[PDB]
Structure formats: structure tokens, C-alpha cells
């Protein structure tokens, strides 16, 4: 391939892993706090300080199994609530899709857009009902990553969708959104 393609596949891979990390990280029940740095490291993806947790990295790499989102093939992070009685109910289906339409006019602009999209993700994850719920933990919150084939009927009738945002790239445009109860 052309260098843009390796750089882009890498960018989408680490954007997806960082997305899983931010979504799961906004449901532990405690506050997240990272420090800015003018002398960065080689591991501050998207110029954001997002500390990976190895377990979530492992579940995300196993769900992705070493491939990228594409047409009809979207990465999903499902957040559910399990009570003492055992009732399981999905609360959120976060969806990372890859649309068909390519952007020919558009290397680092996509990188910058994905950084912005991660900042939007940070913001949106806290203004969902499941956030206030996850901060007060009785019950326990659960996460699960999969690579569908996305379907939402586990969120019952009448769920609303928040579109975190989209980013056009020459292989396709990425859409990040959340379907919640």
C-alpha cells in the first residue's frame, strides 16, 4: 500500500482502542484525571493523555481480532447493568462505524479530526444517564466489546441516539455514536 494507508490504518486502530478505553473509563465510578505535557512521550496518541488499562486493551484487541471497522463491520462497546437479582439490561451501545463514502480531497488532518472526535467522546460520555448511574455504585456496571453486525433491540423500544461525531477519511468516513435507554 501507500504510506498514507499504513499511517491511516494505524490511526484508526489506535483511535478504536482509545475509544474503548475512554468509554470503559467513564463507567468505573470514579473521576478521571490526566495531566498535560509540553514534553510529550511517544505514546500520547492524538495529543491526548489517555492511560490504557491492559485488560480493556486485551478485550478490545481480541474483539477486533486484528482488523479495522469497515462497510457492514462496526465496533461496538455495550454497557449494561446487573443487579443483585441477576436482571441484565443493556444501557448503552456505543457504535464505531465505517461509512462507504471516501474523502478524496483530504494525513494529519484525519489525525487531528480523530483527536477532536476523542475529545467529543470524552465530553459525551459524561452527559448520558449511564454516567450519573455508573458514578453511584446495589448494582454493577458491565462492559463488552464486539465487532458486528450491530443491533440495538436489547435497548428496548424508544431509545435515542447521540451522534458523538464523524470524521471523513479517504478509505471512508468514521461515525461514532451511542444508543442509550
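Rigid core: the largest C-alpha set superposing within 1.5 Å between the two forms. Positions refer to the first chain, counted from 1.
- Larger root-mean-square CA separation from the shown form, computed after a rigid core fit of the structures in 6 other deposited structures of this protein, is seen for 153-161 when 166-174 is set against 153-161.
- Rigid core fits of the other structures in 6 other deposited structures of this protein place the C-alpha atoms of one stretch farther away on average; of 35-43 and 128-136, that stretch is 35-43.
- The modelled chain breaks after residue 137 and resumes at residue 138, leaving 1 to 3 residues of the deposited sequence without coordinates.
- The segment from residue 81 to residue 82 is modelled without interruption, since every residue of the deposited sequence in that interval carries coordinates.
- When 160-168 is weighed against 9-17, 160-168 comes out higher, by mean CA B-factor as recorded in the entry.
- The PDB entry reports B-factors from which the mean C-alpha value can be compared for 65-73 and 127-135; the larger average falls on 65-73.
- Looking at the C-alpha B-factors along this chain, the one for residue 39 belongs to the middle third.
- Residue 55 sits in the middle third of its chain by CA B factor, as recorded in the PDB entry.
- Per the PDB record, residue ranking by Cα B-factor puts residue 102 in the highest third of the chain.
- Sort the chain's modelled residues by C-alpha temperature factor and residue 110 lands in the lowest third, per the entry.
- The entry lists a Cα temperature factor for residue 121 that places it in the lowest third of the chain's modelled residues.
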